[PDB]
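Quick note on numbering: the authors' numbering labels position 123 of the sequence shown as 123, and the sequence is numbered without any gaps.
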Amino acid sequence: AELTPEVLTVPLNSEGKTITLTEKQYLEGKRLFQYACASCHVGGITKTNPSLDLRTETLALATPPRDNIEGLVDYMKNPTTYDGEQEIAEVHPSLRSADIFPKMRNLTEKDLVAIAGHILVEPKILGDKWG
Ligand code: HEC
């Protein structure tokens, strides 16, 4: 609904720690996600591979868990297959493949956190519309 505490608060790691994103992080997240991710994940979907969307439940069942800030930031640095067995930076934009995916060259740690925050917050605002 509105940017209330539960909407802005998401898991920071898989151990249970949480983080309450700021309104500024919320706005930065929308800007950055549109810039570097929307081309393939607009609205939470995943073009070319619909089943591996950005819905929170889908991320929670990924390996390692991607339903928390650290897990998503880690994915943006070193993306892996859903079972976490193989790294896929050559196909998936990441800091490790920033040479062939230029838009990733300009992302700071703070930017990565904001983008991760966007992914975890949106479904709480859009419900099923996300994904
Ligand atoms: C298209 C060229 C892409 C861009 C730009 C970004 N992502 Fe992506 N992402 C893409 C594909 C084809 C896939 C599936 C890869 C596979 O495992 O075969 C993904 C997957 C993700 C996931 C995992 C989803 C899940 O486990 O359910 C995440 C967390 C993800 N992508 C995040 C993400 C972010 C934050 C991006 C912007 C910085 C981004 N992706 C861009 C294709 C593309």
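Just so it is clear, CB atoms sit at the ideal spot from N, CA and C, and this is done for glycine as well.
Beta-carbon proximity list for residue i, same chain, < 6 angstroms, skipping 5 on both sides
| i | result |
| --- | --- |
| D67 | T56, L59 and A60 |
| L95 | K77 and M104 |
| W130 | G44, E122 and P123 |
| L8 | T20 and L21 |
| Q25 | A114 and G117 |
| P5 | none |
Cβ shell of residue i (< 7 angstroms), same chain only, five flanking positions each side left out
| i | result |
| --- | --- |
| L12 | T18, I19, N68, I69 and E70 |
| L72 | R66, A116 and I119 |
Proximity of residue i and residue j at Cβ, strictly below 8 angstroms
| i | j | result |
| --- | --- | --- |
| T63 | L54 | no |
| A89 | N106 | no |
| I125 | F33 | no |
| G44 | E122 | yes |
| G29 | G117 | yes |
| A38 | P93 | no |
| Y75 | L52 | no |
Assigned exposure category for residue i - 16 Cβ within 10 Å defines buried
| i | result |
| --- | --- |
| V91 | exposed |
| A1 | exposed |
| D111 | buried |
| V10 | buried |
| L27 | exposed |
| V42 | exposed |
For residue i: DSSP bridge partner residues
| i | result |
| --- | --- |
| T18 | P11 |
| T80 | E87 |
Other residues of its chain near residue i: CB distance less than 8 angstroms, five sequence neighbours each side excluded
| i | result |
| --- | --- |
| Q86 | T80 |
| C40 | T46, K47 and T48 |
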